[PDB]
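Position in the sequence shown (from 1) plus 695 gives the number in the entry's author numbering. Virtual Cβ for every residue (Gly too), placed ideally from N, Cα, C.
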Amino acid sequence: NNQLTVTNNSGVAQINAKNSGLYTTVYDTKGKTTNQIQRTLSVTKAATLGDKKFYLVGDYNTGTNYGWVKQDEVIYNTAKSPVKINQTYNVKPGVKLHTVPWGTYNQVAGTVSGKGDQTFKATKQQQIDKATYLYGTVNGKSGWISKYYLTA
């Protein structure tokens, strides 16, 4: 017996490169491969059709519905209330800025000069699963950067 128990969820996720695909419906049609093959966007919803855990992926910021996907093939990462510090640090030179929290191989906002510390003003922070990606501005670009990339 299976039943679509529809449930909400606040987090982010990326589906693996060697996936089945993205499930436009929970009953599925085909599950088609797309850009989300280690591209983090956001998780707006997460229901279970019986045992089958489907994570609804949405727009990076707004959470605009793109479709569901199986738990087997995803890396789901939780999120919490963001933090605000305006404390300006220097960013380590060579650091690659990421467009979305968790910041996978298909989320690059930019990169800093190999040798040359740039003034990174943080205006925001995001608490995602394990990693804390801060947000700020580096020479016209704006994006997320883990505290492990950022110099203290």
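Exercise. Answer yes or no: do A741 and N704 have a C-beta to C-beta separation smaller than 8 angstroms?
Key: Judged by beta-carbon spacing, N704 lies within the 8 angstroms limit of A741, meaning their Cβ atoms are closer than that value.
Self-check item: Sub-8 angstroms separation of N711 and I770 beta-carbons
Solution: In contact: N711 and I770 (Cβ atoms closer than 8 angstroms).
Quiz item: Residue range of the beta strand (DSSP E) that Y844 falls in?
Solution: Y844 -> no beta strand (DSSP E), and no H or E assigned at all.
Exercise. Hey, could you find the ends of the beta strand (DSSP E) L717 is sitting in?
Key: From DSSP, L717 is part of no beta strand (DSSP E); its letter is neither H nor E.
Practice problem: Count the other C-beta atoms from every protein chain shown that fall within 10 angstroms of the C-beta of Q782, then say buried if there are 16 or more, exposed otherwise. | Solution: Burial call: exposed.
Quiz item: Which residues in the same chain as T702 place their Cβ atom closer than 8 angstroms to its Cβ, once the five residues preceding and following it in sequence are excluded?
Solution: Excluding positions up to five away in sequence, the list reads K740, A741, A742 and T743.
Practice problem: Go ahead and pull the three-state DSSP assignment for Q733. | Solution: Note: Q733 maps to coil in three-state DSSP.
Practice problem: State buried or exposed for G811, treating a residue as buried only when at least 16 other CB atoms are found within 10 Å of its CB. | Solution: Exposed, because fewer than 16 other Cβ atoms sit within 10 Å of the Cβ of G811.
Practice problem: Return helix, strand or coil for residue 689, following the three-state DSSP convention. | Solution: Coverage of the chain is limited to positions 696 through 847, which leaves residue 689 absent and any answer about it impossible.
Self-check item: Closest Cα partner of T846 within the set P796, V833, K819 and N785
Solution: Closest by C-alpha distance to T846, out of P796, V833, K819 and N785, is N785.
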